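The lines below spell out each chain.
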There are 2 protein chains.
Amino acid sequence: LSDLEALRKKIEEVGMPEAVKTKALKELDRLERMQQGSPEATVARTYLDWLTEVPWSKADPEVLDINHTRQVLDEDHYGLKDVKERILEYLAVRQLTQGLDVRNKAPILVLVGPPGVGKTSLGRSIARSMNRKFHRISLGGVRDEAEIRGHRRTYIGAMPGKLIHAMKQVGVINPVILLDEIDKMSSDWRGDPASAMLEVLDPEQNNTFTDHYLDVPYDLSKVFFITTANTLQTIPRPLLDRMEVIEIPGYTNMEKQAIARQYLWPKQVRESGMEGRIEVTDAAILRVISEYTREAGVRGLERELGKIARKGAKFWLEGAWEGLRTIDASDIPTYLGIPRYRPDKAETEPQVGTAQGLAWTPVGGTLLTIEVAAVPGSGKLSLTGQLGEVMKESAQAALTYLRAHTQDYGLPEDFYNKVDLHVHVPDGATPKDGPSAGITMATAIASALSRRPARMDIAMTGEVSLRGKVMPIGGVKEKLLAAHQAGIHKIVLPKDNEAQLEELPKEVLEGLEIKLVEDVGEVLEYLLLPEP
Amino acid sequence: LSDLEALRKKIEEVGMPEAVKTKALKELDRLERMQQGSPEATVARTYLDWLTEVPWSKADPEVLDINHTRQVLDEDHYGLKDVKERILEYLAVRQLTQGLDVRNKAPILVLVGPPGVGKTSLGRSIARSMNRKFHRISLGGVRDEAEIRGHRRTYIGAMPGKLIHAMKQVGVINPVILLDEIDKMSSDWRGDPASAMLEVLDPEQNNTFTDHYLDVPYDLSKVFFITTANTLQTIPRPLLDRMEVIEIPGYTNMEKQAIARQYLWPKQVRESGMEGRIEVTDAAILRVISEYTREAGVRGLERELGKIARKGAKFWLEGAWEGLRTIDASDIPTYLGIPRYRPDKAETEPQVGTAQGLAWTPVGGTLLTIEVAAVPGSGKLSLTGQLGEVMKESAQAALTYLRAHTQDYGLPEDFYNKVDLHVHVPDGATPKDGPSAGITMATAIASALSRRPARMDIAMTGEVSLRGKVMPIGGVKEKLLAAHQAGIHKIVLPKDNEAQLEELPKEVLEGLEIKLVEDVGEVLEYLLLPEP
Ligand SMILES: Nc1ncnc2c1ncn2[C@@H]1O[C@H](COP(=O)(O)OP(=O)(O)O)[C@@H](O)[C@H]1O
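Residues numbered from 1 in each chain as written, not as in the entry; some residues may be left out. Chains lettered and ligands numbered in written order. Part of a larger assembly, values for the part shown. Heavy atoms only, no water.

Structure determination for this entry, per the PDB record, employed cryo-EM and reached 3.8 Å resolution.

Student: Help me understand the overall build of chain A in this model?
Tutor: Counting secondary structure elements, chain A contains 18 helices and 12 strands. Principal-axis analysis of the C-alpha atoms places the extent of chain A at approximately 95 × 60 × 50 Å. The contacts of chain A with a sequence gap of at least 6 include a subset with a gap of at least 24, amounting to 78%. Of the accessible surface of chain A, which amounts to about 23,500 Å², a share of 51% is contributed by carbon and sulfur atoms. Computed over 67 positive and 78 negative side-chain charges, the inter-centroid distance for chain A is 4 Å. (Helix = DSSP H or I, 4+ residues; strand = E, 2+ residues; numbered from the N terminus. Contact = heavy atoms within 4.5 Å. Areas by Shrake-Rupley, 256 points an atom, 1.4 Å probe, with all protein chains shown as cover. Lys, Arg positive; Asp, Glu negative; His and termini not counted. Charge placed at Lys NZ, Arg CZ, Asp CG, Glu CD.)

Student: Please clarify how the site of the ligand should be interpreted in this entry.
Tutor: All names here are of chain B. Around the ligand, 16 residues are found, and the nearest of them are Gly 116, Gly 118, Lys 119, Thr 120 and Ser 121. Between the ligand and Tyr 78, the relevant distance is 3.4 Å, taken from a nitrogen atom to a main-chain nitrogen or oxygen of the residue. Measuring from an oxygen atom of the ligand, one finds a backbone N or O atom of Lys 119 at 2.4 Å. When residues of the shell around the ligand are traced back to their parent elements, those giving at least two are α6 (120-129) and α11 (253-272). Residues belonging to the shell around the ligand are distributed by class as follows: six nonpolar, five polar and five charged. For the shell around the ligand, the two domains that each supply at least three residues are domain 1 (66-247) and domain 2 (253-336). (Near = heavy atom within 4 Å. Polar contact = N/O pair within 3.5 Å; in protein donor to acceptor, adjacent residues only side chain to side chain. Nonpolar A, V, L, I, M, F, W, Y, C, P; charged D, E, K, R; others polar. Domains from an automatic or database assignment.)

Student: Explain the side chain of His 422 of chain B here, please?
Tutor: Within the secondary structure, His 422 of chain B sits in strand β12 (residues 419-424). Looking at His 422 of chain B, its side chain comes within polar contact range of the side chain of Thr 384 of chain B, at 3.0 Å. Residue contacts for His 422 of chain B: discarding those within four places in its chain leaves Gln 396, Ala 397, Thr 400 and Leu 466 of chain A together with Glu 371, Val 372, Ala 373, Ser 382 and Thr 384 of chain B.

Student: How do you make sense of the pairing of strand β14 (residues 490-494) of chain B when you look at a structure like this?
Tutor: Consecutive side chains of a regular strand alternate in pointing toward one face of the sheet and then the other. Residue and element names in this part refer to chain B. For β14, the tally of buried residues reaches four of five residues, placing the bulk of the element in the interior. Pairing of strand β13 (residues 458-460) with β14, which is carried by three bridges, proceeds in the parallel orientation. Counted as the bridge partner of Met 460 is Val 492 from β14. Each parallel crossover has a hand, and the one from β13 via helix α17 (residues 476-485) to β14 is right-handed. Judged from the five bridges that link them, β14 and strand β15 (residues 513-517) form a sheet pairing that is parallel. Across the sheet, the residue bridging to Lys 490 is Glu 513, located in β15. (Buried < 20%, exposed > 50% of the residue type's maximum accessible area, 1.4 Å probe, protein only. Pairing = 2+ DSSP bridges. Right-handed = clockwise from strand over helix to strand, strands pointing away.)

Student: Teacher, can you tell me more about the pattern of salt bridges here?
Tutor: Side chains bearing opposite charge may pair, as long as their charged atoms lie close to each other. Evaluated as defined, the whole model comprises 34 salt bridges over all chains. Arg 403 of chain A is the partner of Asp 420 of chain B in a salt bridge, and the nearest nitrogen-oxygen pair spans 3.3 Å. Linking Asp 420 of chain B in strand β12 with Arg 403 of chain A in helix α14 (residues 389-404), this pair reaches from one chain into another. A single burial state applies to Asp 420 of chain B and to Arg 403 of chain A, both of which are buried. The closest approach of N and O atoms between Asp 519 of chain A and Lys 469 of chain A, which form a salt bridge, is 3.9 Å. Within this pair, whereas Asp 519 of chain A is found in the loop between β12 (513-514) and α18 (520-525), its partner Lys 469 of chain A is found in the loop between β10 (458-460) and α16 (476-485), the two being separated by 50 residues in sequence. Classification of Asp 519 of chain A as partly exposed rests on a relative accessible area of 24%. One salt-bridge network, in which partners are shared between bridges, spans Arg 152 and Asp 215 of chain A together with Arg 45 and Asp 49 of chain B. (Salt bridge = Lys/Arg side-chain N within 4 Å of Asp/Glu carboxyl O.)

Student: What should I look at first to understand the interface of chain A and chain B in this one?
Tutor: Interfaces are often described in size by the accessible area the parts lose on coming together. Contacts between the two partners involve 34 residues from chain A, matched on the other side by 40 residues from chain B. Between chain A and chain B, roughly 3,400 Å² of surface is buried when both sides are summed, and carbon and sulfur atoms account for 53% of that area. Connecting chain A to chain B are four salt bridges. Linking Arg 310 of chain B and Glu 89 of chain A is a salt bridge whose minimum nitrogen-to-oxygen distance equals 3.1 Å. (Buried area = accessible area lost by both parts, 1.4 Å probe.)

Student: What is the right way to read the domain arrangement of chain A from this model?
Tutor: Residue and element names in this part refer to chain A. Partitioning chain A into structural domains gives domain 1 (66-247), domain 2 (253-336) and domain 3 (354-527). Between the C-alpha centres of domain 1 and domain 2 the distance comes to 33 Å. At the interface, 12 residues of domain 1 touch eight residues of domain 2. With both chains or domains summed, domain 1 and domain 2 bury close to 890 Å², and 60% of this area falls on carbon and sulfur atoms. In this assembly, domain 1 and domain 2 are joined by zero salt bridges. Seen at the junction of domain 1 and domain 2, the total is three residue pairs in polar contact. Its residues placed into classes, the side of domain 1 that touches domain 2 shows five nonpolar, four polar and three charged.

Student: Explain unusual backbone geometry here, please?
Tutor: If a residue is not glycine, its phi is most likely negative; likewise, a peptide bond is most likely trans. One non-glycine residue, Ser 57 of chain A, lies in positive phi territory at about 60°. Its location among the elements puts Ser 57 of chain A in the loop between α3 (42-52) and α4 (66-73). Of note in this structure, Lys 81 of chain B is not a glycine but carries a positive phi near 65°. With respect to the helices and strands, the residue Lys 81 of chain B is situated in the loop between α4 (68-76) and α5 (83-96).

Student: Explanation requested: the packing of aromatic side chains in the structure shown.
Tutor: Both the distance between ring centres and the angle between the ring planes are used here to describe each pair of aromatic rings. The final tally for this structure, using the stated rule, is 12 aromatic pairs over all chains. Relative to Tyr 218 of chain A, the ring of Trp 56 of chain A has its centre 5.6 Å away and its plane inclined at 85°; by these criteria the two rings are edge-to-face. One end of the pair, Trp 56 of chain A, is in the loop between α3 and α4; the other, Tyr 218 of chain A, is in the loop between α8 (193-201) and β3 (224-227), with 162 residues separating them in the sequence. A single burial state applies to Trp 56 of chain A and to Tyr 218 of chain A, both of which are buried. Every member of this aromatic cluster is reached through a ring pair, and the members are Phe 315, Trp 321 and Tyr 335 of chain A. The ring of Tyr 47 of chain B carries the charged tip of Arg 153 of chain B above its face, separated from the ring centre by 4.2 Å. (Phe/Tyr/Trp six-rings, centres within 6.5 Å; stacked < 30°, edge-to-face > 60°. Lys NZ or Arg CZ within 6 Å of the ring centre and 35° of its normal.)

Student: Would you mind showing me how to read the sheet that holds strand β2 (residues 137-138) of chain B here?
Tutor: Strand-to-strand pairing in sheets goes through backbone hydrogen bonds, with the strands running parallel or antiparallel. All names here are of chain B. Reading across the sheet, the five strands line up as β2-β3-β4-β1-β5 and stay open at both edges, with parallel pairing between neighbours. Here the strands that pair on one side only, and so sit at the sheet edges, are β2 and β5 (243-245). Lying over the sheet, helix α9 (residues 193-201) contacts β1 (108-112), β3 (177-180), β4 (225-229) and β5, oriented at roughly 145° with respect to β4. (Axes fitted to C-alpha atoms, helices over the stretch in contact; angles between N-to-C directions.)

Student: Sorry, what's going on with a negative patch on the surface here?
Tutor: All names here are of chain B. A contiguous patch of negative charge, built from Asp 496, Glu 498, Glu 502, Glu 503 and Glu 518, is present on the exposed surface. Looking at the element boundaries, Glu 503 is found in the loop between β14 and β15. Judged by relative accessible area, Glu 503 falls into the exposed class, the value being 62%. (Patch = residues over 30% accessible without salt bridge, like charges linked within 9 Å, V, L, I, M, F, W, Y side chains within 5 Å.)

Student: Explain the nonpolar core here, please?
Tutor: The tendency in soluble globular proteins is for nonpolar side chains to be buried as a group. Counting residues in hydrophobic clusters, the biggest one holds 91 residues, and the most contacted among them are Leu 139, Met 167 and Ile 182 of chain A. Sequence-distant contacts of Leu 139 of chain A, defined by excluding residues within four places in its chain, comprise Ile 148, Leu 179, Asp 180, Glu 181, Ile 182, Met 185 and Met 197 of chain A. In this structure, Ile 87, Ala 166, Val 200 and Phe 209 of chain B belong to the second largest nonpolar core, which totals 67 residues. (Core = buried A, V, L, I, M, F, W, Y, C linked by side-chain atoms within 4.5 Å.)

Student: For this particular structure, what's the right way to read the pairing of β3 of chain A?
Tutor: All names here are of chain A. Going residue by residue along β3, you find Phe 224 and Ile 226 tucked away on one face and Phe 225 and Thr 227 tucked away on the opposite face as well. Across four bridges, strand β2 (residues 176-179) lies against β3 in parallel orientation. Along β3, the bridge assignment pairs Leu 179 with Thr 227. The handedness of the β2 to β3 crossover, carried by α8, is right-handed.

Student: Mind showing me how you'd approach a positive patch on the surface here?
Tutor: Together, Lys 307, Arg 310, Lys 314 and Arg 340 of chain A give the surface a local cluster of positive charge. By the element assignment, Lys 307 of chain A lies in helix α12 (residues 299-317).

Student: Is there a simple way to explain the packing of α4 of chain A against helix α5 (residues 84-93) of chain A in this structure?
Tutor: Geometry of a packed helix pair, given as the angle between the helix axes and the separation of the axes. Residues and elements named next belong to chain A. Running from amino to carboxyl end, α4 crosses α5 at an angle of 145°, the nearest separation of the two axes being 10 Å. As α4 runs across α5, the sense of the crossing is right-handed. Together, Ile 66, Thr 69, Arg 70 and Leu 73 of α4 and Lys 84, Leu 88, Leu 91 and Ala 92 of α5 make up the contact between the two elements. Residue composition of the contact of α4 with α5, grouped by class: five nonpolar, one polar and two charged. (Left-handed = near helix turned anticlockwise from the far one by under 90°.)

Student: I tried to follow the environment of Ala 19 of chain A on my own but got confused; where do I start?
Tutor: Residue and element names in this part refer to chain A. The residue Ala 19 is located in helix α2 (residues 18-30) in this model. Through-space distance from the C-alpha of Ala 19 to that of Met 471 is 60 Å; in sequence the pair is 452 residues apart. Discounting chain neighbours no more than four positions away, the residues touching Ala 19 are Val 216 and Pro 217.

Student: In this structure, what is going on with helix α16 (residues 438-450) of chain B? I would like to understand it.
Tutor: Working note: α-helix, 3.6 residues per turn, so residues spaced by three or four point in the same direction. All names here are of chain B. Taking 1.5 Å per residue, 13 residues should reach 18 Å; α16 reaches 18 Å between its end C-alpha atoms and fits that length. Buried residues dominate α16, accounting for 13 of its 13 residues. Of the residues trailing α16, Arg 451 is marked for its positive phi of about 60°. (Expected span 1.5 Å × (residues − 1).)

As structure tokens, then:
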């Protein structure tokens, strides 16, 4: 058949390394036989063709100016203005490398947070600065060690791997390969998939990687590696090491507006066809964020502005009555549709014994509207919502703290023998480890016992102390972003976290009011309209 | 067939016993047809890889010296002088035996200690001592009995256990193999992999060690073993015999400075790419240690010093401003984050109703900030923290002591019928079982009932009696080190442990000022000094 001759002519001209030349000889030996009566060799032909187009002795060196590299990364989907410094930190590390040559010998980089952020655009900016050919292969669709490796040409089911797929359509021997959804691979075949992942991620062992489908070494040392994380608590332990975690949660109103004005909306109208006949203002984006998408990231905003751009394209195609289409938070029902959420979510007829608190999930922050039913009984505790045991410990701690004050809060003679508690949480299984809303449901119980109207729009995070203290907590930036996105402008935090606030985005501080407390007494006094 | 030729020679020059030569020749016939002719060809090739690439009859020169190893322990590490002596004991015992004498009933080392306290480093120092190759193999994350061994050698697609590949890595029969994290071995399969590790970790049976993948009982008699274990409680009893425990608790603050100055700081400086143009004062080292790390050892220190090196890569890369830049304690947050830990615990401003306990949690030493409350009720004790009932017993013992000693603490003569005690313990459970914090709870309850603040700068440990007589407690060194790593240098100890003040090195008693007590009266005299 002409296939053998074509493959021989494709192999015999490309300059190839000796071991890979011998592997090409092996594959050419396989394809000696018929390629039409047995399709088990056609996939070998596809693998060879992907291997033929692998670049060799041709690479794009990075720009040696770290300052110019930062200048190029300044267009990485706007980043966060506080996460880019660690990226360019690793880049500067890559400017005084070990042995004065291109090699990692260290954790490379990672993006942790909600999937809606611009994970791919930042890697594209990295490639643009470094001049290498960007490419990505998603590992979320890979659940077995058979799509980064293969299945040797001796039985049916030898589909090509994703590694050579990235190696195929690339012009540089050292590309940047992005691996999204790294926290969903389980054990299905050939043991733990993370073992091969850590074998690849090694800067010295990647060159010594022999797949299930390959029998010779393959050059991967200089190839830059990059991954993306969604939930840090699900990634396998052999993947938590040799990995510099860069916390990149969602964006504020101002960050999202800048992304839309610089990266999102022009690209969306690129995807929708024509340009110069639509316009999106800051007020429209703010209203959409505050009324249509409360999640974290811009992918939902990507879809929304894509819908708006497609609509405007249809309006222009059906008749150009206006030079450009503008949205000013008044004609948005035609552009997008009926609103789904409620602006100012705290404006839900504030009841007597309910409080609101932050609970930053890795997919997006939420407000915990925990209600406490202080029915007059003889002392009971009904804890619903599937809440963790630490949440119950925090609840009992709040109970005894409220016990510590008899008549200060206008409480009755007793409630341990007179009040039955039925505490409900919108989702008790809080992904945030430890007590995330202990002070919140403490305030809820106090309101249910004092029986006075409570303040809304103040979302909280932290825990209580039996003598009236609050301890500092980690991940305050993510919860502050959750409050900013969820229409919350007042946040109560412990004093001890304030020293950590000098490394936060200025837009978060501008958009939020922070009133610090040291004791549960203050946070209880400032959340009920009357002190008693 | 070139592959068949290569496999045939690989059989030839490698010297296996004729019992294995029989298997080699019995697998020779399985390669009488090409790869696609039968999948048995691929599994035969894989088995030949697992057999004739694993070394046979090859041994590195064993070193049999015993003060040279003292130098090596001093060359690489700053010096333990407690663990080092016991390693000398084991090595000397191995030296006087292990010739032609079948006396190998000796236990295999287990280096029980928190993560990053000098175990793998100690392992590689030991390996260099006898000129043996080191291959860490982390067993953490293994729950399958057949992950240690192989599987059926009847189909292609399966790999042997960790041992076969791990010793395939080395080219000699006798490398040091540091088994790791043996405590997290769970049984999520048929039986417990504890026996699958006992068959290899005992010299009398692993000399004929058998795995599923291989059909020959391999000889592991000559292979040194050494096992890391963050926990001793969860080590299986079948794997607890023939075990000698070499405790390695955490380091000390001045030892931390010394290890940073001697090896850690130069290590990370050459790691980043810097070669002697950065100066770091000891004050900056201590600031890093006591403000940015609370883990026992150097792992956190390794990360922080890597951060220092990378920010130095910043501030020397863009120009050689200075020949030797000096970092004091003032500019350490210019290179790092905000100080996330306090300098010293003396600034705690003693709180009314809390006591500072001591324990050795197998992830690293830590305080037990046990807190309690005094609500006016009818008299009832409530444990909170999901600890054992033994802590409730200790609390009741302390309550009885106060009842018998009410004249000494100003309480009303009858409080057992008026106060309800909520003993909130922060952690879920403590490893150092029993009333290992009995005097801590005595202090906490005494402070709560009397409303007298307790000094939150003195870390303590010791049991109590129902009449009140503190008792000896095991692991006094553990409690002292846990107190030291909390920035605490004043410790209350039971006077019956006065014998446990000389066996400890002077490398631990630097700033710790032990104030021994024999009765609860003295330990409550040290703390409940203020009376507002
Ligand atoms: N004397 C020492 N004390 C503490 N750490 C040391 C010492 N010497 C070297 N180290 C470093 O500590 C690191 C941690 O190793 P080790 O604690 O032995 O293993 P693990 O981190 O698994 O407990 C090693 O990489 C080593 O470079």
